[PDB]
Structure formats: C-alpha cells, structure tokens
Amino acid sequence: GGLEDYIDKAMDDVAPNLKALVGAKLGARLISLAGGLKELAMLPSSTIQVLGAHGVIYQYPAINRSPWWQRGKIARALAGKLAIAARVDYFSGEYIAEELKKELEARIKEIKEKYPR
C-alpha cells in the first residue's frame, strides 16, 4: 500500500466524478487546493480555473498538447466540467462521468483555430 494507492482509493470514496474527469492525482490536488470537497463544490469555476497557479488544470493533456490561444478556452470548458463534477460528488453522489463526452466534444469545437489576428 503506497501513498498514491491510498489516494486513488480515497478518491473512489470522496469524489469519483472528479477522479474520472482528470484522474485521481489532479482530482485530489484540486480538492486540497480548494480546502475540501465542499469548498471545491462551492467555487465559481473561474476560480477553479486558477486553483493551481494558469492553475494546475493547465497540466491537463488536452490543454497542454494545444496551442497557446486554444488553452484558456479549453481551461474554461474543463473548469466548468470540474465544477459540475465536484457538485455531483458532494451533493448527489451519482456517477455521471461521461460528461467527458460533452467535454471532448467542446474541445473539438474550440479547435476552430490557426492563430488570432
């Protein structure tokens, strides 16, 4: 039983939607940065977008593998999904996660870019 295994398991109990969305380590980092599941669940999302600091969600693959200029938009979309994720985890306890689907889909929208003028 390593540190990481503990947290992976804990996220299974505390916040499985988050965990599904961004993974247990990023999920757990955001909860800590928030101060807890509840506090995370109360945050606007613009606030979520900056929790790490670009806050830690920029480390998100789709953002990082992406042009500056597409990133802030991808951040916003992610933070939103995160805000919903934490809310369902706190208040409802249900399992949505395939708003990854909603989410992918937006990313693909946003990929309407070449470098702004």
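All residue numbers are counted from 1 along the displayed sequence.
- Message: If you average the CA temperature factors as listed in the entry, which stretch comes out higher, 101-109 or 17-25?
- Response: Result: 101-109.
- Query: Should residue 45 be placed in the lowest, middle or highest third of its chain by the C-alpha B factor in the entry?
  - Reply: Tercile = highest for this residue's CA B-factor.
- Lowest, middle or highest third of the chain for the C-alpha temperature factor of residue 36? It belongs to the middle third of the chain when residues are ordered by C-alpha B-factor.
- Query: By the record's CA B-factor, is residue 69 among the lowest, middle or highest third of residues in the chain?
  - Reply: It falls in the top third of the chain.
- Task: For residue 51, return the chain-relative third of its C-alpha B-factor as stated in the PDB record: lowest, middle or highest.
- Result: Ranked within chain, residue 51 CA B lands in the middle tercile.
- Report the third (lowest, middle or highest) to which the CA temperature factor of residue 62 belongs, ranking only the modelled residues of the same chain. Residue 62: CA B-factor falls in the highest third of its chain.
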